[PDB]
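First, one chain by itself: the form deposited in one PDB entry, in structure tokens.
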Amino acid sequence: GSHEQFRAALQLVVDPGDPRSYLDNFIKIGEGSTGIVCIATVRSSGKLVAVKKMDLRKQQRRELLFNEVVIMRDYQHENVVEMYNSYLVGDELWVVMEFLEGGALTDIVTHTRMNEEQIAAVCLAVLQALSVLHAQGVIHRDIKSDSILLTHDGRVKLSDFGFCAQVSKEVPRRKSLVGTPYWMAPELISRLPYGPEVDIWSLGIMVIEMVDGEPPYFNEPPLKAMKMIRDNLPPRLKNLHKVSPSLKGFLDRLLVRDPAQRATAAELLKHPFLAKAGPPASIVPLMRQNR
């Protein structure tokens, strides 16, 4: 009776019907922890969409599925992935999204070296989105190269909102252990009450990704790496001699063990380093089909 409960609940927030009646040429392109992703054609228009499919019976924490729909619906932005519709289909939650041709950022950071014009342009894109989200007390909790999508012209959008949490006056902090281990904030790992600050930490770790190609302690097992993140100091860049004083100083405002002294999105938007940010055109050279 618990599963039927969630179905009905989810049924009340999604759009009615079955999208299979108006979609064609389903083509699987990926698989996350929460489910798989297909591209498909909207028959009536020939436009392409992306369809994320998530089994209700295959979730670690069902109640998180509302984030999949609710977040994208309430926050539109140049830097946030567009959602067109959501449906309940069988025992699956389908989300129909904008299709970002350029794929995830992770494919870039592992196969190439981004320059600081490119790195700055990414950070600006994320911080602009995080600023709006943080403003309404929403924590993303899964900031990393995986959660960043790109277009053909190098526009950048924040994705994967399934791990979101809301804070407010009656709920000032969150306490649950959420996110991807290496990108997690020290206060969150330590199981202390946390807020939006943890997102700024993760971004820092994601900046390490863009420079070193991987996060700190990435060769270690996840549980052991988490322990290291907690006890140790802010992690180092293995290629620090390759980053500018500008980038370093900026990063030093991200990777702060005390969330109180850790910078905020709104503050970071005004940082000198983000002035280096080039146009979307500067990101184009880095994508798989181009390089």
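Residues that one form lacks are left out of the comparison. Residue numbers run from 1 along the displayed sequence. In this text, the rigid core denotes the largest set of C-alpha atoms whose superposition between the two forms falls within 1.5 Å.
Comparing 187-195 with 156-164, the one whose average Cα B-factor in the PDB entry is higher: Comparing averages over the C-alpha atoms only gives 187-195.
Between the two ranges 68-76 and 215-223, the one averaging a larger CA B factor in the entry: Mean C-alpha B-factor is greater for 215-223.
Given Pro172, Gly204, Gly90, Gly103, the residue at which the Cα B factor reaches its maximum: Answer for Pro172, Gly204, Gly90, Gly103: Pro172, with the highest C-alpha B-factor.
From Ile36, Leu233, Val42, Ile39, residue of greatest CA B-factor: Answer, based on the entry's C-alpha B-factors: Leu233.
Lowest, middle or highest third - CA B-factor, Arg61: For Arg61, the deposited C-alpha B-factor lands in the middle third.
Relative C-alpha B-factor of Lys248, binned into the chain's lowest, middle or highest third: Middle third, going by the recorded CA B-factors of the chain.
Within-chain third of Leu149 by Cα B-factor, per the entry: According to the entry, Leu149 has a C-alpha B-factor in the chain's lowest third.
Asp24 by Cα B-factor - lowest, middle or highest third of the modelled chain: Its C-alpha B-factor belongs to the middle third of this chain's values.
Chain-relative CA temperature factor third for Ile143: It falls in the bottom third of the chain.
What comes next is about the form deposited with a partner chain bound, which is not displayed.
Partner-proximal stretch of 42-50, 243-251, 27-35, 256-264 relative to the partner chain in the entry with it bound, 4.5 angstroms, heavy atom: Looking at the partner contacts, the answer comes out as 27-35.
Site test, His77, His134 and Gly195 vs the partner chain in the entry with it bound, non-hydrogen atom cutoff 4.5 Å: Per the other structure, none of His77, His134 and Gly195 touch the partner chain.
Heavy atom within 4.5 Å of the partner chain in the entry with it bound - residue from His152, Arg73, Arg191, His111: Exactly one listed residue reaches within 4.5 Å, namely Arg191.
4.5 angstroms heavy atom contact with the partner chain in the entry with it bound for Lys157: Heavy-atom contact with the partner chain at 4.5 Å: absent for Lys157.
In the entry with it bound, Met226 touching the partner chain (heavy atom, 4.5 Å): Within the cut-off, so yes.
The partner chain contact at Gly179 in the entry with it bound, heavy atom, 4.5 Å: Yes, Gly179 sits close enough to the partner chain in the entry with it bound that at least one of its heavy atoms falls within 4.5 Å.
Distance check, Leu64 to the partner chain in the entry with it bound, heavy atom within 4.5 Å: Flag for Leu64 set to yes.
Structural rearrangement between this form and the one not shown, runs of 3 or more with C-alpha shift of 2 angstroms or more, core superposed: The segment that shifts (3 or more residues, C-alpha shift of 2 Å or more) is 2-5 alone.
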